[PDB]
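> When you get a sec, could you give me coordinates for this:
(10 chains, ligands or ions: 115)
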Amino acid sequence: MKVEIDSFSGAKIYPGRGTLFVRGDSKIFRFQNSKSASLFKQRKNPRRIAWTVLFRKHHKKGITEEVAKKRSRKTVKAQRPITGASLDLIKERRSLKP
Amino acid sequence: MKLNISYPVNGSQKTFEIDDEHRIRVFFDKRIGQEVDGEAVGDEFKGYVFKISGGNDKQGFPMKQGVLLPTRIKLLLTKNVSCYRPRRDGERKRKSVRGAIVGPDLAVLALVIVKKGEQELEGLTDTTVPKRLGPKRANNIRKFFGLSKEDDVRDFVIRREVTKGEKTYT
Amino acid sequence: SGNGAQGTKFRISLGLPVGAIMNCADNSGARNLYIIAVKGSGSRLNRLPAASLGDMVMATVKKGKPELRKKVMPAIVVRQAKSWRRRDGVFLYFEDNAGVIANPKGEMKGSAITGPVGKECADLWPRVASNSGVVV
RNA sequence: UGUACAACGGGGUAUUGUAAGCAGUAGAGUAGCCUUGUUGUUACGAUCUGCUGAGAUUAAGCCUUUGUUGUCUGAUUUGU
RNA sequence: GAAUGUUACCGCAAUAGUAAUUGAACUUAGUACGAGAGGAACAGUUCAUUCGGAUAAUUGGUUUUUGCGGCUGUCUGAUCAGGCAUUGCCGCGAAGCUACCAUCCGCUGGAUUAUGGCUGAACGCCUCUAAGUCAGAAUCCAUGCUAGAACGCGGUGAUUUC
RNA sequence: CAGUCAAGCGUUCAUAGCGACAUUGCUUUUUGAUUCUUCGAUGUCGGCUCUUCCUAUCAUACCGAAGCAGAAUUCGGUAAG
RNA sequence: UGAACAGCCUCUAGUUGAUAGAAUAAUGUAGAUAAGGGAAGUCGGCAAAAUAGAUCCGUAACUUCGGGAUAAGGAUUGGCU
RNA sequence: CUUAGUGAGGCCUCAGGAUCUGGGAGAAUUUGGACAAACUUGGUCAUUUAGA
RNA sequence: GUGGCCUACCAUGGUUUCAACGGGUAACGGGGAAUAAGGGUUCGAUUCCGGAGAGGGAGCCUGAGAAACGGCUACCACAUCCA
RNA sequence: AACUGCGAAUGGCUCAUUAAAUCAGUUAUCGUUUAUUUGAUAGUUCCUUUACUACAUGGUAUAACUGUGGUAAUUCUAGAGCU
Ligand SMILES: [Mg+2]
Ligand SMILES: [Mg+2]
Ligand SMILES: [Mg+2]
Ligand SMILES: [Mg+2]
Ligand SMILES: [Mg+2]
Ligand SMILES: [Mg+2]
Ligand SMILES: [Mg+2]
Ligand SMILES: [Mg+2]
Ligand SMILES: [Mg+2]
Ligand SMILES: [Mg+2]
Ligand SMILES: [Mg+2]
Ligand SMILES: [Mg+2]
Ligand SMILES: [Mg+2]
Ligand SMILES: [Mg+2]
Ligand SMILES: [Mg+2]
Ligand SMILES: [Mg+2]
Ligand SMILES: [Mg+2]
Ligand SMILES: [Mg+2]
Ligand SMILES: [Mg+2]
Ligand SMILES: [Mg+2]
Ligand SMILES: [Mg+2]
Ligand SMILES: [Mg+2]
Ligand SMILES: [Mg+2]
Ligand SMILES: [Mg+2]
Ligand SMILES: [Mg+2]
Ligand SMILES: [Mg+2]
Ligand SMILES: [Mg+2]
Ligand SMILES: [Mg+2]
Ligand SMILES: [Mg+2]
Ligand SMILES: [Mg+2]
Ligand SMILES: [Mg+2]
Ligand SMILES: [Mg+2]
Ligand SMILES: [Mg+2]
Ligand SMILES: [Mg+2]
Ligand SMILES: [Mg+2]
Ligand SMILES: [Mg+2]
Ligand SMILES: [Mg+2]
Ligand SMILES: [Mg+2]
Ligand SMILES: [Mg+2]
Ligand SMILES: [Mg+2]
Ligand SMILES: [Mg+2]
Ligand SMILES: [Mg+2]
Ligand SMILES: [Mg+2]
Ligand SMILES: [Mg+2]
Ligand SMILES: [Mg+2]
Ligand SMILES: [Mg+2]
Ligand SMILES: [Mg+2]
Ligand SMILES: [Mg+2]
Ligand SMILES: [Mg+2]
Ligand SMILES: [Mg+2]
Ligand SMILES: [Mg+2]
Ligand SMILES: [Mg+2]
Ligand SMILES: [Mg+2]
Ligand SMILES: [Mg+2]
Ligand SMILES: [Mg+2]
Ligand SMILES: [Mg+2]
Ligand SMILES: [Mg+2]
Ligand SMILES: [Mg+2]
Ligand SMILES: [Mg+2]
Ligand SMILES: [Mg+2]
Ligand SMILES: [Mg+2]
Ligand SMILES: [Mg+2]
Ligand SMILES: [Mg+2]
Ligand SMILES: [Mg+2]
Ligand SMILES: [Mg+2]
Ligand SMILES: [Mg+2]
Ligand SMILES: [Mg+2]
Ligand SMILES: [Mg+2]
Ligand SMILES: [Mg+2]
Ligand SMILES: [Mg+2]
Ligand SMILES: [Mg+2]
Ligand SMILES: [Mg+2]
Ligand SMILES: [Mg+2]
Ligand SMILES: [Mg+2]
Ligand SMILES: [Mg+2]
Ligand SMILES: [Mg+2]
Ligand SMILES: [Mg+2]
Ligand SMILES: [Mg+2]
Ligand SMILES: [Mg+2]
Ligand SMILES: [Mg+2]
Ligand SMILES: [Mg+2]
Ligand SMILES: [Mg+2]
Ligand SMILES: [Mg+2]
Ligand SMILES: [Mg+2]
Ligand SMILES: [Mg+2]
Ligand SMILES: [Mg+2]
Ligand SMILES: [Mg+2]
Ligand SMILES: [Mg+2]
Ligand SMILES: [Mg+2]
Ligand SMILES: [Mg+2]
Ligand SMILES: [Mg+2]
Ligand SMILES: [Mg+2]
Ligand SMILES: [Mg+2]
Ligand SMILES: [Mg+2]
Ligand SMILES: [Mg+2]
Ligand SMILES: [Mg+2]
Ligand SMILES: [Mg+2]
Ligand SMILES: [Mg+2]
Ligand SMILES: [Mg+2]
Ligand SMILES: [Mg+2]
Ligand SMILES: [Mg+2]
Ligand SMILES: [Mg+2]
Ligand SMILES: [Mg+2]
Ligand SMILES: [Mg+2]
Ligand SMILES: [Mg+2]
Ligand SMILES: [Mg+2]
Ligand SMILES: [Mg+2]
Ligand SMILES: [Mg+2]
Ligand SMILES: [Mg+2]
Ligand SMILES: [Mg+2]
Ligand SMILES: [Mg+2]
Ligand SMILES: [Mg+2]
Ligand SMILES: [Mg+2]
Ligand SMILES: [Mg+2]
Ligand SMILES: [Mg+2]
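Numbers count the residues shown, from 1 in each chain, chains lettered A, B, ... in the order given. Ligands and ions are numbered 1, 2, ... in the order given. Right below this line is the structure:
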């Protein structure tokens, strides 16, 4: 069970919903409802039709908290040395100086 | 599906096989680079935070960070790109690619550990595996060791033993 | 359906009444298929027999190589455009009415099928599984 | 005379697809006064943007309500 | 819908109407049969046709929701918001209605027919028949379904005082 | 449209399937013959629609027969659900 | 507005005369729209649908050389500056 | 050959910014172009050709 | 890189009976070949030179150099393997 | 093994297009690009210009490799750890 989305508007297409359009070039278009789907056949350009996902995304609308910082980073610092040359004698001689 | 988890602090790796929809479904609609908390996936992994790194669907096609889409798309790839190794000078090829968005169409989700859980995982935090090759360029030795352009390298290089049987060589 | 069709066929919206013209979609010579009967059709005073996906019909060719014109022959609707609906809730429709010419056994006359093909048609005539590019 | 009923008002749900107003270094461009401009200034210009997925409509056979206001004995008949 | 006290509720069932149809793929089985060529069927499964009764979650249709938006001509000085063009024109458009264009559902017992038989005389033999009797059909009667006799019926509640 | 006799057809074998000469019937969607009813008027082909009925059954149910090996067919019974 | 005494809207002038009220069943009359197919309907495309202005480009058979010809087939069209 | 219509794809360009470093790199993505295959429909030229 | 190569603005030019333009070519061009009075006629896909193509078109990456095909990319026509 | 460099634009094959095109003989670059081969060709690079700038030589990121994987299937390749 997959929710699909509207290849014109961008809205989730819950099971058994709307209309699916297999075009001549074999590219499929799923429309949630006949509004997008006719707006589609009318050769309308979704980046011009306000209420769509694509129009918004492109017009920087409402996003606010995705352009907000997060907090994901670690701190490692562990040692393995080199395979074939005693991993013991590579932290004693690794006592460094400056 | 299968999880290919890497432990990159220890350089350890191991797979795990997870049936049960709700257990998996924690990865769904997550993208490459999104971190996942671990108790959702199991109770061994309780705590462990996984950043999602790559992985292949059935039929074997690879993922590709930066595509979006939970589908496959056929792309033009070049030198200096993932899932493409060019056979010839300035050779581009048009190849299928799977999206960075996990779905249940995957056989293997590639995961990199970022934070350890309250419990050890056996083939990952129990076992530690060495870095194969050590510093070779001049200054790099001086930085793996911290030596000042004084201490003279020569003797700070690594020396890998191996035996002729009765002759053990350096 | 009928002769040499391994499989059944769950009912699908009938979009092709006798006299419809579907594009010829194989490399046979034909430009179009003009449906004159439907195999396995029903009988009811004044209904037209009507084809859908992966039915076998009987058409003549209106446009095509003269050696293919003015004669009756089997054909198989491979693309619908009158939207039908599957047992998974989806109402899907192609962009054209189109089928490929065949024999009673259900073997094609060209060596390919240009354009897509619905699955229900392909799940039904093996030789169409052969020649199909992108199914559904 | 009450988990009363109604008129509104509120909340949901749904339709359309961004209201009026005001603002703007958006705008092919255009006028006018000189203090003729090292953005000169005052306005005007289809359209564009922002406040604004806003505004408008949403039971008339949608849902719902602690709110507001109101309503709660007119008429006729019936017997083994 | 008057009248069999009034009114109400729950029921009974006379009589009557009645409904389901046909095909295929798998499988059986390349099987029995056949020198071969050829080549079935019963049980099982999956779908279909014709028909019928519903139904509106979905998909489609419909649009005076004159709901939103758009466009022409004009009239209100402009602005705002609007009037007229027998519903001006266009896209979208809920609700309702609605479509094998959409979805769901369409029951199982008995009795028999032809026909094959049992036992068995007539007629020391023989005979499915004479007496008696088994099996039997898209038939018939039921079960089921729709009415409910407005002069067929039952159970039950309450039954008026100025 | 259906019978009776059965000379013949059917390799053989009258009647599996047919059947001459003859002869017996039935039916009333043929066509005739008749002119009883209607000429102070029964609207007059075909189709569309839609209902119902008949059976001399094309299909579907279950059968008997075969010149039925099988598959196909054929003759026949109960049958108009 | 527009080619216009066309259609549509308006000033002047003149009307607001045509039983009424409540609903919005079947069937109608009049005005409409329908997925896919596209005359398979039917005596017959009956009806209905489609076309349509202008600027431009392009334009066949045949001809009484006058035509056939808006033949056919195309593109274009607001606003504002 | 070619009108008209539709138009792949790389290229140029307005944008984009998964990430990944020091204003820069940079994928999916996308605007506008030139180039332009190709499909549909017609026309045209050449060369063939069935036929009572 | 010269250049209507292309774009803008501008003029109205350019070729032709001394045959333009168009059609044909079972036409790649040349070195050459066959035929021996001479003049000629006929021929050259084909070992050397130039050119064009890599199934038909276009597009391009890399590069000193390709519009390359025993390189990519798109479409058209072919056509292969499969779970 | 792999990286890096160079080569894969030569060769070989065919004659389909091609009729002022190609090709030929003859010119032109005062009209431009050129790997290579050959010969030449380089004291200048920092900075308010004494408390100086790694020159005794400044940076990381990768292949191969290890190890974990995916697909019926290709000279497919992903995640991780090195140099
Ligand atoms: Mg709708
Ligand atoms: Mg619609
Ligand atoms: Mg009819
Ligand atoms: Mg459809
Ligand atoms: Mg094949
Ligand atoms: Mg395939
Ligand atoms: Mg009130
Ligand atoms: Mg807005
Ligand atoms: Mg506003
Ligand atoms: Mg304001
Ligand atoms: Mg009502
Ligand atoms: Mg309130
Ligand atoms: Mg009394
Ligand atoms: Mg029936
Ligand atoms: Mg078999
Ligand atoms: Mg066989
Ligand atoms: Mg035999
Ligand atoms: Mg129902
Ligand atoms: Mg119905
Ligand atoms: Mg609806
Ligand atoms: Mg409408
Ligand atoms: Mg309006
Ligand atoms: Mg206006
Ligand atoms: Mg204003
Ligand atoms: Mg008025
Ligand atoms: Mg009027
Ligand atoms: Mg009107
Ligand atoms: Mg409009
Ligand atoms: Mg209705
Ligand atoms: Mg159905
Ligand atoms: Mg039905
Ligand atoms: Mg059923
Ligand atoms: Mg029942
Ligand atoms: Mg029962
Ligand atoms: Mg009984
Ligand atoms: Mg018995
Ligand atoms: Mg016996
Ligand atoms: Mg006797
Ligand atoms: Mg008996
Ligand atoms: Mg008896
Ligand atoms: Mg007897
Ligand atoms: Mg029955
Ligand atoms: Mg009942
Ligand atoms: Mg009675
Ligand atoms: Mg009565
Ligand atoms: Mg009663
Ligand atoms: Mg009674
Ligand atoms: Mg009673
Ligand atoms: Mg009683
Ligand atoms: Mg006779
Ligand atoms: Mg005789
Ligand atoms: Mg005999
Ligand atoms: Mg005999
Ligand atoms: Mg004989
Ligand atoms: Mg006899
Ligand atoms: Mg008689
Ligand atoms: Mg009679
Ligand atoms: Mg008769
Ligand atoms: Mg008389
Ligand atoms: Mg008479
Ligand atoms: Mg009379
Ligand atoms: Mg009369
Ligand atoms: Mg009469
Ligand atoms: Mg009468
Ligand atoms: Mg009369
Ligand atoms: Mg015999
Ligand atoms: Mg036999
Ligand atoms: Mg047979
Ligand atoms: Mg019988
Ligand atoms: Mg009947
Ligand atoms: Mg009867
Ligand atoms: Mg006028
Ligand atoms: Mg009147
Ligand atoms: Mg009137
Ligand atoms: Mg009235
Ligand atoms: Mg009506
Ligand atoms: Mg229609
Ligand atoms: Mg249509
Ligand atoms: Mg048409
Ligand atoms: Mg026609
Ligand atoms: Mg007719
Ligand atoms: Mg007809
Ligand atoms: Mg007809
Ligand atoms: Mg006529
Ligand atoms: Mg006539
Ligand atoms: Mg017509
Ligand atoms: Mg008429
Ligand atoms: Mg007409
Ligand atoms: Mg229309
Ligand atoms: Mg004409
Ligand atoms: Mg036209
Ligand atoms: Mg314009
Ligand atoms: Mg394009
Ligand atoms: Mg440019
Ligand atoms: Mg793109
Ligand atoms: Mg000829
Ligand atoms: Mg001829
Ligand atoms: Mg130049
Ligand atoms: Mg001129
Ligand atoms: Mg001239
Ligand atoms: Mg001449
Ligand atoms: Mg040639
Ligand atoms: Mg020559
Ligand atoms: Mg030559
Ligand atoms: Mg040749
Ligand atoms: Mg040269
Ligand atoms: Mg070849
Ligand atoms: Mg090439
Ligand atoms: Mg080769
Ligand atoms: Mg080559
Ligand atoms: Mg071609
Ligand atoms: Mg598989
Ligand atoms: Mg190399
Ligand atoms: Mg060469
Ligand atoms: Mg780096």
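
> At which residues are the helices of chain A located?
Taking DSSP state H as the test, the helices found in chain A are A:34-41, A:53-59, A:89-92.

> Could you list the residues of chain A in contact with RNA strand J?
A:80, A:82, A:83 (CB under 7 Å from any atom of the strand). (Each C-beta comes from the backbone N, C-alpha and C, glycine too.)

> Neighbour-wise, which one of the residues you listed leads?
Neighbour counts for the residues of chain A next to RNA strand J, by other CB atoms under 10 Å in any protein chain shown, peak at residue A:82, which reaches 19 neighbours.

> dump the residue contacts of that residue.
Residue A:82 is in contact with A:90, B:130, B:131, B:132, B:133, B:134, B:158, B:160, counting by CB atoms under 8 Å, 6 or more residues apart in numbering or on different chains.

> And for the fourth one, the neighbour number?
To tie it back to what came earlier, the one meant is residue B:132. Counted with other CB under 10 Å, residue B:132 comes out at 10.

> Tell me which of the helices of chain A sits most buried.
Across the helices of chain A, averaging neighbours per residue (mean count of other CB atoms under 10 Å in any protein chain shown) puts helix A:34-41 on top, at a mean of 16.

> how far does that one sit from the chain's center?
Relative to its parent chain, helix A:34-41 has a centroid offset of 25 Å by CA atoms, centre = their mean, to the nearest Å.

> close to RNA strand D, is that helix?
Yes. Residues of helix A:34-41 contacting RNA strand D under CB under 7 Å from any atom of the strand: residue A:35.

> Helix, strand, or coil at residue B:112?
For residue B:112, the secondary-structure state derived from DSSP: H, G, I helix; E, B strand; the rest coil is strand.

> Who is it paired with across the strands?
Beta-bridge partners recorded for residue B:112 (DSSP bridges): residue B:6, residue B:51.

> And it, how far from RNA strand I?
With distances taken as CB to the nearest atom of the strand, to the nearest Å, residue B:112 is found 31 Å from RNA strand I.

> Burial check on that residue, number of neighbours?
Residue B:112 has 19 neighbouring residues, counting by other CB under 10 Å.

> Just list the residues touching it, thanks.
Applying CB under 8 Å, 6+ apart to residue B:112 gives the contacts B:5, B:6, B:8, B:50, B:51, B:52, B:53.

> what sits against the residue nearest to the first one when sequence neighbours are not counted?
Nearest-residue entry for residue B:5: residue B:111, 4.5 Å, with adjacent residues in sequence omitted and distances by CB to CB, 6 or more residues apart in numbering or on different chains. Remark: with contacts taken as CB under 8 Å, 6+ apart, residue B:111 is in contact with B:3, B:4, B:5, B:6, B:36, B:50, B:51, B:52, B:53.

> Mind doing that once more with 7 Å?
Counting by CB atoms under 7 Å, 6 or more residues apart in numbering or on different chains, residue B:111 touches B:3, B:4, B:5, B:50, B:52, B:53.

> Bridged to the residue in chain B that chain C sits nearest to, which residues?
Per CB to the nearest CB, the residue of chain B with the smallest distance to chain C is residue B:74, at 12.0 Å. Taking DSSP bridges, one finds residue B:96 as the beta-bridge partners of residue B:74.

> now residue 58, nearest residue through space, not along the chain?
Because you didn't say which chain, this covers chain A. Leaving aside its chain neighbours, residue A:58 sits nearest to residue A:47 (5.1 Å; criterion: CB to CB, 6+ apart).

> um, chain B though
residue B:107 (5.2 Å).

> if we can go back for a sec, okay if I get the contacts of residue B:112 as CSV plus distance to residue C:90 and neighbour count?
CSV is the format used below for the contacts of residue B:112 (distance: CB to CB, whole Å; neighbours: other CB atoms under 10 Å in any protein chain shown):
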residue, distance to residue C:90, neighbour count
B:5, 37, 22
B:6, 40, 17
B:8, 44, 14
B:50, 35, 25
B:51, 36, 16
B:52, 30, 22
B:53, 34, 17
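
> Between those, which sits nearest RNA strand G?
residue B:52 (43.1 Å; CB to the nearest atom of the strand).
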